[PDB]
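What follows is a single chain, given as structure tokens, in the form solved without the named molecule.
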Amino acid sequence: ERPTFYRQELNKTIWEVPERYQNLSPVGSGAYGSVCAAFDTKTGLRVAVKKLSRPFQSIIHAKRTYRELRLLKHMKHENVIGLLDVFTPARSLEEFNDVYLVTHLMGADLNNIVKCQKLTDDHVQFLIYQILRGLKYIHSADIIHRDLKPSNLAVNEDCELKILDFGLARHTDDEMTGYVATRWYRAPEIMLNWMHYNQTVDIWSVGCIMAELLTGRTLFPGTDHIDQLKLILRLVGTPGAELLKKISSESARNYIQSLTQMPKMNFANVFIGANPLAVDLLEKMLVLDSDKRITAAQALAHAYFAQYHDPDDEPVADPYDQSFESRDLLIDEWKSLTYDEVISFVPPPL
């Protein structure tokens, strides 16, 4: 008893969606696919619909698409993009070739805010609080974001925030080259493949983000990998003996020991005028050694979030089986799996 679809040439492609979705307008296209805004007559919500482009053109692609669908279907938290609906005009696995994803329309990312507004210390408390709240949830499911940036953070007029972008194709080296904001928020360990990274990489991103909202400027706006690494070490000091031994890459560790030793600066003199509690939290987040970096759970209990902290209202996620990450299958099988997920989907209770 499927809906009734209608075709329409939006942007370079022909979107075929259920009748419930009207007034679709372009929002942006890319290798990932195409995104449209629309009004969901069945719920009265304004939504954003994404049509995946060539989801099963390769094994690497069919797998990515399965990953993204699995991630989005799993997310059930207020500060994390939830999946309101997912459909395909296809009537059987044989026809199956298109995938459409539907989620809330927030309206603006975090870049807009920090540009056309003035953030009080109270605002920074609320915004970062929600990022950390959603992060405690994500990490509790052994899920790593890996790419937290202001553009991956959606906010509405009420200043409520939702973390976005999961299971997206990794950034090409060209995308990480030069004076680009796509690298400014990454932790040094992944930016230079120092070791096997983990969730602590997101905490570093939050640090970079929180600093920007407080000062209104990018924390480590490097013109390239090396220049960015220098800006970092300049603030947090050069690696100690303990951190060097953890750097698996003999090449990277080699380049590091060639840099003149520098002491960790004084955050109080760097972030002048900032809430002393903000400064302290920033020192707990921006720690070069990832093992000693504060966790999201620990940060939420930090005095800087007293006004908002609520130990009974910061839920964790259910188990997320991602054993498929090390499974070797053919396009067809990844595709069939994706299809099963689409049909087994269950709309949010509301």
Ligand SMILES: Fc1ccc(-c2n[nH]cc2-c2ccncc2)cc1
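Numbering starts at 1 and follows the sequence shown. Throughout, rigid core stands for the largest set of C-alpha atoms superposing within 1.5 Å between the two forms.
Heads up, the form solved in complex with the named molecule isn't pictured, but that's what we're talking about next.
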**Prompt:** Taking the pose of the named molecule in the deposited bound form and superposing the surrounding C-alphas, is this site open or blocked by backbone or C-beta atoms within 2.4 Å of 3 or more ligand atoms?
**Reply:** blocked
**Request:** Using a 4.5 Å heavy atom cut-off, state whether residue 87 contacts the named molecule in the deposited bound form.
**Result:** no
**Request:** Find out whether any non-hydrogen atom of residue 288 is located within 4.5 angstroms of the named molecule in the deposited bound form, and reply yes or no.
**Result:** yes
**Request:** Classify residue 243 as contacting or not contacting the named molecule in the deposited bound form by the rule of any non-hydrogen atom within 4.5 angstroms, answering yes or no.
**Result:** yes
**Touches the named molecule in the deposited bound form: residue 194 (any heavy atom, 4.5 Å)** = yes
**Asked** Out of 271-279, 186-194, 214-222, 89-97, where are the residues with a heavy atom within 4.5 Å of the named molecule in the deposited bound form?
**Response** 186-194
**Message:** Using a 4.5 Å heavy atom cutoff, which residues in 225-249 contact the named molecule in the deposited bound form? It's fine if the answer is none.
**Reply:** 229, 233, 239, 243, 246, 247
**Message:** After superposing on the rigid core, which residue out of 249, 215, 140, 238 has its C-alpha displaced by 2 Å or more between the shown form and the other one?
**Reply:** 249
